[PDB]
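Participant: Just work.pdb, nothing more (PDB, C-alpha atoms and all ligand atoms):
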ATOM      1  CA  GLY A   1       0.000   0.000   0.000
ATOM      2  CA  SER A   2       1.259   3.438   1.007
ATOM      3  CA  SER A   3      -0.225   4.440   4.363
ATOM      4  CA  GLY A   4       0.077   7.943   5.780
ATOM      5  CA  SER A   5       1.192   9.576   9.021
ATOM      6  CA  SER A   6       0.398   9.070  12.706
ATOM      7  CA  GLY A   7      -1.924  10.910  15.074
ATOM      8  CA  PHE A   8      -1.082  13.988  17.131
ATOM      9  CA  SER A   9      -0.190  12.575  20.549
ATOM     10  CA  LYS A  10       2.945  13.254  22.591
ATOM     11  CA  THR A  11       2.636  10.629  25.328
ATOM     12  CA  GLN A  12       5.993   9.033  24.523
ATOM     13  CA  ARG A  13       8.306  10.855  26.929
ATOM     14  CA  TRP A  14      11.293   9.394  28.777
ATOM     15  CA  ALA A  15      10.670   6.643  31.326
ATOM     16  CA  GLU A  16      12.390   6.167  34.685
ATOM     17  CA  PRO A  17      14.495   3.027  35.282
ATOM     18  CA  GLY A  18      11.662   0.698  36.244
ATOM     19  CA  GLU A  19       8.550   1.744  34.337
ATOM     20  CA  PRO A  20       7.302   0.006  31.164
ATOM     21  CA  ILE A  21       8.431   1.163  27.723
ATOM     22  CA  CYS A  22       6.939   0.825  24.240
ATOM     23  CA  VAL A  23       8.101  -2.310  22.424
ATOM     24  CA  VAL A  24       7.729  -0.619  19.038
ATOM     25  CA  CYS A  25       8.725   2.968  19.810
ATOM     26  CA  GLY A  26      11.224   3.175  22.654
ATOM     27  CA  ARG A  27      10.084   5.755  25.195
ATOM     28  CA  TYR A  28       7.351   4.719  27.630
ATOM     29  CA  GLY A  29       4.527   2.199  27.848
ATOM     30  CA  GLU A  30       1.645   3.924  29.616
ATOM     31  CA  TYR A  31      -0.529   1.085  28.319
ATOM     32  CA  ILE A  32      -0.107  -2.636  28.975
ATOM     33  CA  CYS A  33      -1.861  -5.581  27.327
ATOM     34  CA  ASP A  34      -3.188  -8.639  29.158
ATOM     35  CA  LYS A  35      -2.331 -11.720  27.096
ATOM     36  CA  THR A  36       1.137 -10.524  26.091
ATOM     37  CA  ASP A  37       1.338  -8.094  29.009
ATOM     38  CA  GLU A  38       3.580  -6.012  26.748
ATOM     39  CA  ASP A  39       3.966  -2.237  26.996
ATOM     40  CA  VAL A  40       2.828   0.486  24.596
ATOM     41  CA  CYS A  41       2.306   4.251  24.498
ATOM     42  CA  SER A  42      -0.695   4.393  22.162
ATOM     43  CA  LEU A  43      -3.411   2.065  20.871
ATOM     44  CA  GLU A  44      -1.812   1.613  17.450
ATOM     45  CA  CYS A  45       1.345   0.259  19.084
ATOM     46  CA  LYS A  46      -0.678  -2.368  20.951
ATOM     47  CA  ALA A  47      -2.101  -4.133  17.898
ATOM     48  CA  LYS A  48       1.145  -3.359  16.073
ATOM     49  CA  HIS A  49       2.888  -5.742  18.473
ATOM     50  CA  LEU A  50       0.051  -8.236  18.927
ATOM     51  CA  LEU A  51      -0.419  -8.892  15.210
ATOM     52  CA  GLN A  52       3.373  -9.145  15.065
ATOM     53  CA  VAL A  53       3.593 -11.755  17.823
ATOM     54  CA  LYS A  54       0.984 -13.982  16.179
ATOM     55  CA  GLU A  55       2.823 -14.394  12.875
ATOM     56  CA  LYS A  56       5.881 -15.273  14.958
ATOM     57  CA  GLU A  57       4.090 -18.350  16.299
ATOM     58  CA  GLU A  58       3.498 -19.569  12.744
ATOM     59  CA  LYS A  59       0.835 -22.109  11.781
ATOM     60  CA  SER A  60      -2.889 -21.623  12.391
TER      61      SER A  60
HETATM   62 ZN    ZN A 101       4.449   3.471  21.002
END
Here is the file; what I need is its structure written in the form of structure tokens.
Facilitator:
Amino acid sequence: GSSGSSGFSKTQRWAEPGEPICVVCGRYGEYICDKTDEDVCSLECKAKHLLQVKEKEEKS
């Protein structure tokens, strides 16, 4: 395809040595999933990692 740009959020600031950090960006993970329990800053990052972890399992 081609896709476009991202939203207009700035919730990806530095993160102290202990807090969660985005697994796709690299700043902070204010949000955390349940199944994967990963860390993300926005909602797009969440699915961006989930749909990426599924293909990694292969099959099905
Ligand atoms: Zn992010």
Participant: I need the residue set behind the PyMOL selection byres (((chain A and resi 15-30) around 8) and not hetatm) for this file; please write it as an MDAnalysis selection string.
Facilitator: chainID A and resid 11:14 31:32 38:42 45 48:49
Participant: Under the rule that all atoms listed in the file are counted, which of A:51, A:35, A:9, A:59 is the nearest residue to ligand ZN 101 (chain A)?
Facilitator: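 Smallest distance to ligand ZN 101 (chain A) is found for A:9.
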Participant: Quick one: distance from CA of residue 52 (chain A) to CA of residue 34 (chain A) in Å, one decimal?
Facilitator: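 Going from CA of residue 52 (chain A) over to CA of residue 34 (chain A) covers 15.6 Å.
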Participant: Out of A:58, A:1, A:33, A:8, which residue has the shortest atom-to-atom distance to residue 46 (chain A) when counting all atoms listed in the file?
Facilitator: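 Closest residue, counting all atoms listed in the file: A:33.
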Participant: Return as lines of an AutoDock Vina configuration file the box centre and box size in Å, one decimal, for an axis-aligned box around all listed atoms of region 9-21 of chain A padded by 6 Å per side.
Facilitator:
center_x = 7.2
center_y = 6.6
center_z = 28.4
size_x = 26.7
size_y = 25.2
size_z = 27.7
Participant: State, in Å with one decimal place, the distance from CA of residue 55 (chain A) to CA of residue 36 (chain A).
Facilitator: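 For CA of residue 55 (chain A) relative to CA of residue 36 (chain A), the distance reads 13.9 Å.
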Participant: For each of A:53, A:6, A:60, A:37, take the minimum atom-to-atom distance to ligand ZN 101 (chain A), counting only C-alpha atoms and all ligand atoms, then give the residue where this is smallest.
Facilitator: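 When distances to ligand ZN 101 (chain A) are compared using only C-alpha atoms and all ligand atoms, the smallest one comes from A:6.
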Participant: Could you tell me which of A:5, A:50, A:43, A:56 comes closest to ligand ZN 101 (chain A) if we count only C-alpha atoms and all ligand atoms?
Facilitator: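 So, comparing all the options, the nearest one is A:43.
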